[PDB]
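Asker: Chains as they are written, first to last, in the entry's author numbering: chain A, 823 to 824, 844 to 870; chain B, 726 to 774; chain C, 968 to 1015; chain D, 968 to 1015; chain E, 15 to 290; chain F, 291 to 672; chain G, 340 to 387. Quick reminder that beta carbons are idealized off the backbone N, C-alpha and C, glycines included.
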Amino acid sequence: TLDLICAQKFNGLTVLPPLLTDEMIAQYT
Amino acid sequence: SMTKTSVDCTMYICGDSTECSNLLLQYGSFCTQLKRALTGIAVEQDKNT
Amino acid sequence: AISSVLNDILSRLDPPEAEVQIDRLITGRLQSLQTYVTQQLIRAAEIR
Amino acid sequence: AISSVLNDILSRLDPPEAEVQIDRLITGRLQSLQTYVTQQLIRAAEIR
Amino acid sequence: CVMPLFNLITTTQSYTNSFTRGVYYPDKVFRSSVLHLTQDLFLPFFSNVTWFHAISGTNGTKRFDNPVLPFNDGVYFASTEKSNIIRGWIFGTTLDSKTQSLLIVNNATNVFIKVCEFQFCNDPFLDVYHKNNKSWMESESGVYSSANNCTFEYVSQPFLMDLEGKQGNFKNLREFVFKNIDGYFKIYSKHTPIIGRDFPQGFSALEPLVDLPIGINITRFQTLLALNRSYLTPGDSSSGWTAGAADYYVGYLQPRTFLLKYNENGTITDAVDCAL
Amino acid sequence: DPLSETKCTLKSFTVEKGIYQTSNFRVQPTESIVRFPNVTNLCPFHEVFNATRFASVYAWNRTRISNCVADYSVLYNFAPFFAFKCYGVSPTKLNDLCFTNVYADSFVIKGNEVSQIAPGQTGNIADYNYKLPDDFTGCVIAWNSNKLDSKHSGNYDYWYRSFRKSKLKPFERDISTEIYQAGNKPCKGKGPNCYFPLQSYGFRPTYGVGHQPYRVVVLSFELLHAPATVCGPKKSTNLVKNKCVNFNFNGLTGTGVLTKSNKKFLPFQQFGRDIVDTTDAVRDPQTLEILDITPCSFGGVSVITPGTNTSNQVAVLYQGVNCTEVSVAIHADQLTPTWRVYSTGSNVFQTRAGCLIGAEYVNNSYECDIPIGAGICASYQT
Amino acid sequence: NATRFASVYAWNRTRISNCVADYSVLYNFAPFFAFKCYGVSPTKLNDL
Ligand SMILES: *[C@@H]1O[C@H](CO)[C@@H](O[C@@H]2O[C@H](CO)[C@@H](O)[C@H](O)[C@H]2NC(C)=O)[C@H](O)[C@H]1NC(C)=O
Ligand SMILES: *[C@@H]1O[C@H](CO)[C@@H](O[C@@H]2O[C@H](CO)[C@@H](O)[C@H](O)[C@H]2NC(C)=O)[C@H](O)[C@H]1NC(C)=O
Ligand SMILES: *[C@@H]1O[C@H](CO)[C@@H](O[C@@H]2O[C@H](CO)[C@@H](O)[C@H](O)[C@H]2NC(C)=O)[C@H](O)[C@H]1NC(C)=O
Ligand SMILES: *[C@@H]1O[C@H](CO)[C@@H](O)[C@H](O)[C@H]1NC(C)=O
Ligand SMILES: *[C@@H]1O[C@H](CO)[C@@H](O)[C@H](O)[C@H]1NC(C)=O
Ligand SMILES: *[C@@H]1O[C@H](CO)[C@@H](O)[C@H](O)[C@H]1NC(C)=O
Ligand SMILES: *[C@@H]1O[C@H](CO)[C@@H](O)[C@H](O)[C@H]1NC(C)=O
Ligand SMILES: *[C@@H]1O[C@H](CO)[C@@H](O)[C@H](O)[C@H]1NC(C)=O
Ligand SMILES: *[C@@H]1O[C@H](CO)[C@@H](O)[C@H](O)[C@H]1NC(C)=O
Ligand SMILES: *[C@@H]1O[C@H](CO)[C@@H](O)[C@H](O)[C@H]1NC(C)=O
Ligand SMILES: *[C@@H]1O[C@H](CO)[C@@H](O)[C@H](O)[C@H]1NC(C)=O
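(1) If the cut is a Cβ gap below 8 Å, which residues of chain F does residue 843 (chain A) touch?
(2) Starting from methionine 865 (chain A), trace the beta strand (DSSP E) in both directions and tell me its first and last residue.
(3) Taking the straight line between their C-alpha atoms, what separation do you get for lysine 550 (chain F) and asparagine 532 (chain F)?
(4) Taking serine 155 (chain E) and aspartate 137 (chain E) to be in contact with their CB atoms under 8 Å, please state how far apart those CB atoms are, rounded to whole angstroms.
(5) Quick check: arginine 979 (chain D) and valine 379 (chain G), are their CB atoms within less than 7 Å of each other?
(6) Distance, Cα to Cα, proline 40 (chain E) vs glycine 663 (chain F)?
(7) Since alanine 571 (chain F) contacts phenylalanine 44 (chain E) with CB under 8 Å, what's their CB separation in whole angstroms?
(8) Would the beta-carbon of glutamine 560 (chain F) be found less than 6 Å away from any heavy atom of ligand 9?
(9) Would you say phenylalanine 374 (chain G) reaches chain F, if we count a Cβ-Cβ gap shorter than 7 Å as a contact?
(10) Taking beta-carbon pairs under 8 Å, can you tell me which members of the segment 748 to 771 of chain B lie near chain A?
(11) What is the rounded straight-line gap between the Cα of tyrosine 869 (chain A) and the Cα of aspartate 863 (chain A)?
(12) Go ahead and pull the three-state DSSP assignment for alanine 219 (chain E).
(13) Kindly indicate which three-state DSSP category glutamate 337 (chain F) falls into: helix, strand or coil?
(14) Tell me which residues of the segment 497 to 518 of chain F have at least one Cβ-Cβ distance to chain E shorter than 7 Å, keeping chain order.
(15) Is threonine 342 (chain G) near ligand 11 - that is, is its Cβ less than 6 Å away from at least one heavy atom of it?
(16) Name the DSSP beta bridge partners of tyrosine 276 (chain E), please?
(17) Pull the bridge partners of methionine 151 (chain E) from the DSSP assignment, please.
(18) For ligand 6, is there any heavy atom lying closer than 6 Å to the beta carbon of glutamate 744 (chain B)?
(19) Thinking just about the alpha-carbon of each residue, which of F:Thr626, F:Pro381 and F:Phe426 is nearest to the one in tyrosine 366 (chain F)?
(20) Within 10 angstroms of its Cβ, does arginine 996 (chain D) collect 16 or more other Cβ (buried), or is it exposed?
(21) For the beta strand (DSSP E) containing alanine 349 (chain F), list its first residue and its last residue.
(22) Taking 7 Å as the CB-CB limit, is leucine 854 (chain A) close to chain B?
(23) State the DSSP-derived secondary structure class of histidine 501 (chain F), mapped to helix, strand or coil.
(24) Indicate, with yes or no, if ligand 6 has a heavy atom lying under 6 Å from the CB of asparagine 121 (chain E).
(25) Look at the alpha carbon of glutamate 986 (chain C) and the alpha carbon of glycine 590 (chain F), and state the distance between them as a whole number of angstroms.
(26) Buried or exposed for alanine 867 (chain A), going by 16 or more other Cβ atoms inside 10 Å?
(27) Can you tell me whether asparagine 73 (chain E) is buried or exposed? The criterion is at least 16 other CB atoms within 10 Å of its CB, across all chains shown.
(28) First and last residue of the alpha helix (DSSP H) that includes residue 775 (chain B)?
(29) Around the C-beta of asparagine 162 (chain E), are 16 or more other C-beta atoms found within 10 angstroms, so that it is buried, or is it exposed?
(30) With C-beta atoms as the reference, is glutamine 624 (chain F) less than 7 Å away from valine 317 (chain F)?
(31) Which of helix, strand or coil does DSSP assign to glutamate 306 (chain F)?
(32) Do you know whose CA, among E:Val37, E:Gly36 and E:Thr94, lies nearest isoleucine 209 (chain E)'s CA?
(33) Counting contacts by CB-CB distance shorter than 7 Å, is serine 978 (chain C) in contact with chain F?
(34) Taking 6 Å as the line, does the beta carbon of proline 557 (chain F) fall inside it for any heavy atom of ligand 9?
(35) Between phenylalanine 371 (chain G) and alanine 472 (chain F), what straight-line distance do the alpha-carbon atoms span, to the nearest angstrom?
(36) Does at least one heavy atom of ligand 7 sit under 6 Å from the Cβ of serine 111 (chain E)?
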């Protein structure tokens, strides 16, 4: 499994989603 | 792969402060370097996957 | 610096005296950012 | 700083005036430690 | 400053374990579900706290233990009593009129706090007695003879402390923490019911009670006990001053680093003494 | 416009096909609200500064000032202001801050001894009469008082400590009258190696300006945001909620939206912090209400272009933000980058990467051309 | 406590060596109008 996240996003630090979703990775597999 | 992170330098160092941003402008292109490095890391994560 | 809050330093000092504390905070936070980005680059190389 | 010895600075100055030299030494030695650890990380990646 | 002649017993200082008691709230900040590392003046886990008893014997000898004790960095006080024999404290360096001294007293209707150059007696105490056999009330005549050059006064906290009764054991586990930092006399307190008889094992954080900005120099402290003019023990015809049973423990605060656990409601539910 | 911002970011008039993290968007505050307590009684500065008699320097009078509004404009009325040295605070900003406690150390010294009343100073008064802490925050006001502290026959009521065994610690008052001893021989009275520590000032009007009596008051402050107490004369405004505003809660300055909170503060608690020491909640000084504080919406802004030679059309991705909030900020004109892209209704799409404006979402699937994220890609197509 | 002092343009440089420097004597015969110590703490003079 992957508030701290809110505070991290609260001062300039964002997290970018991966281009391929987990559904697409499962499709490739 | 790992988590792709983006950092806003002005928010992190001088959050919504104009005096601090004007002072930070004196340090050159350190923050453009940091942004470029993080962008390269994120693109590399996508390439890895 | 006297405080870690930028608003406090801006509210309690004139720009001449504020600039010293602002520069101290800028140096510290820039060092933190540089350290984070360097560790991220090394970890990204390992992940690659 | 005036000296590279911490005891000398502590013995020849009051804490207000000592703090400046102490901070200079702290910054220098922290930079040295950070440089050493970064080079160690890169060399450890190569050894890995 | 008149004291009836008593067969006073020399104070004997027992020793007991502090377990994990004595944890208070370091600041006014609210935290939820957080493990917080804080360096502050704490009572270390499993240290010795001194133990004293104040009682009136059945043979006429009464143990009236009010010895002068050092304050050091801070003091943790624990009290168990039924008739509120412990009524307050004194604080100061010379404990005379030469230097300003702090005095906290239960007025039985309010709480009195004074900072004055009090002319304390040899063994200051509060005189509780029965006027007209109708009104029980207290007097401060036995504490000090005169007060001059007062700088701080505070009559507040109209609380009778123990009011639920004596269900478990006096329901009066009174824990206090006294600190003197930056000219602030900080008093934290907690009123824990006793599951047992003396010093139950458990954890209870001390919510701050009052931060008096008296700004005076304090290095000594002493407990204040209430003496009642007879008519306390049924079946006793001995016309004389008697004091009820009371026990109090004293520990000394030292600079320790603690890891405190704030739950989802902001209450410190556990603590770890990093140097234990 | 976004294309020009991309051109400036790349420092080139030509832009290749791709997505460029160009700027950062921010929702701007719409109002400024300040919350200050009901306290209205002015602080007794006149009593401290216009006292009939001032204590001696070795017996400096520490007056306690708390639970009042500190209007410093009164100090400008009855003071020539020979010295107005504020250390750690700006004297012009005194009217906007909140001080936990005020200490007024009032005494009388000589004219030339004013410079000795400062942290890190050395001298007879600094070392044996009154010493300030190294980290002292507050102000020092010194003004001449020759017309009220001088006598024709000599004013001997003012005394200063000239000899002492050790230098005075900060905020330490010495009133001992023990005769100073030089050496190891005990002193039983005035004579060899015995001198009285206290010397009378003997102020006279005929003396020079440098020797004229000067009244010095040191205002020591405890600039903490938790206890508040004594603050300046600022008119508190109404409290707004669910709107991004600049809030001034009892001296605590910030920007964000204040919402109703389920957090249950204990009565002594005044504000709440987060695991990383970021302020999560505050208490209203008036209503005693627990308000969650959330910084106004912000994030990255990326520009998707097919290449400046293929087309000048671009799309904008506001990263990690709901399209509703972006549209609301555009309606109220709160977005920091003010080059708003024209919105049609089919031009606005919600990806897990954020709000995309200027690109039409089609139901066909193609090979990725410009990676937007979360399985979403953009392309310049008919 | 010299009877005569040299002129400022002809300042007298006295050499002090091979002795114990007890600075408590200086506090006896001096009103101490100025006691400015640069690079050293005047309170620490008795320990160095
Ligand atoms: C924190 O407070 C909440 C309420 O805000 C407490 O939840 C209550 O728990 C009691 C005891 O089990 C129940 O009777 C109530 O119905 C609960 N209330 C709600 C709204 O769920 C919670 O127990 C408190 N936390 C702790 C550790 O005591
Ligand atoms: C130090 O200054 C304080 C300022 O409050 C003086 O306090 C006086 O206290 C009395 C009550 O005891 C008040 O009624 C007066 O109003 C206060 N004085 C003034 C001038 O307002 C205190 O007396 C001063 N002490 C010395 C030694 O000067
Ligand atoms: C400068 O000061 C020195 C201090 O030593 C003077 O030296 C004198 O030297 C003679 C021998 O030539 C000694 O006997 C004396 O004791 C010294 N003088 C004193 C006052 O102790 C020197 O003369 C001084 N020069 C000037 C121009 O003043
Ligand atoms: C307290 O000291 C006594 C001395 O009699 C000793 O027996 C006891 O073990 C000590 N307690 C603690 C908790 O150290
Ligand atoms: C406080 O009083 C004690 C006892 O006289 C003394 O030793 C100590 O130095 C005093 N502290 C201060 C700060 O004056
Ligand atoms: C105690 O309280 C009474 C009222 O109940 C009040 O009049 C009195 O001043 C207080 N203090 C004493 C008796 O010292
Ligand atoms: C109170 O202050 C006065 C005036 O300075 C002084 O004479 C006296 O000794 C002090 N103490 C008492 C107990 O009156
Ligand atoms: C200073 O002025 C105040 C306000 O008018 C007055 O009450 C006080 O007596 C004055 N003090 C003097 C004249 O010493
Ligand atoms: C201020 O006044 C309001 C009513 O106007 C009251 O509810 C509130 O408790 C007061 N705040 C205080 C006393 O701090
Ligand atoms: C954001 O849009 C999502 C997806 O339609 C919706 O569920 C949610 O309510 C919106 N939230 C806000 C704060 O506008
Ligand atoms: C200074 O004092 C010394 C020691 O007593 C003495 O020898 C010397 O003559 C004095 N110098 C004068 C008075 O100029």
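Answerer: Reading it off the structure:
(1) No atoms are given for residue 843 (chain A), which sits in the stretch of chain A between 824 and 844 that the model skips.
(2) Here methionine 865 (chain A) belongs to no beta strand (DSSP E); instead the alpha helix (DSSP H) covers 863 to 869.
(3) 9 Å
(4) Not quite, the Cβ-Cβ distance comes to about 14 Å (not below 8 Å), so this is no contact.
(5) yes
(6) 46 Å
(7) 7 Å
(8) no
(9) yes
(10) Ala767, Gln770 and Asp771
(11) 10 Å
(12) coil
(13) helix
(14) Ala516
(15) yes
(16) E:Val48 and E:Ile282
(17) E:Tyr143
(18) no
(19) F:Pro381
(20) exposed
(21) Premise fails: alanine 349 (chain F) is in no beta strand (DSSP E) and is neither H nor E.
(22) yes
(23) helix
(24) yes
(25) 28 Å
(26) exposed
(27) exposed
(28) Past the edges of chain B, shown from 726 to 774, lies residue 775 (chain B), and the structure says nothing about it.
(29) exposed
(30) yes
(31) coil
(32) E:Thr94
(33) yes
(34) no
(35) 18 Å
(36) yes
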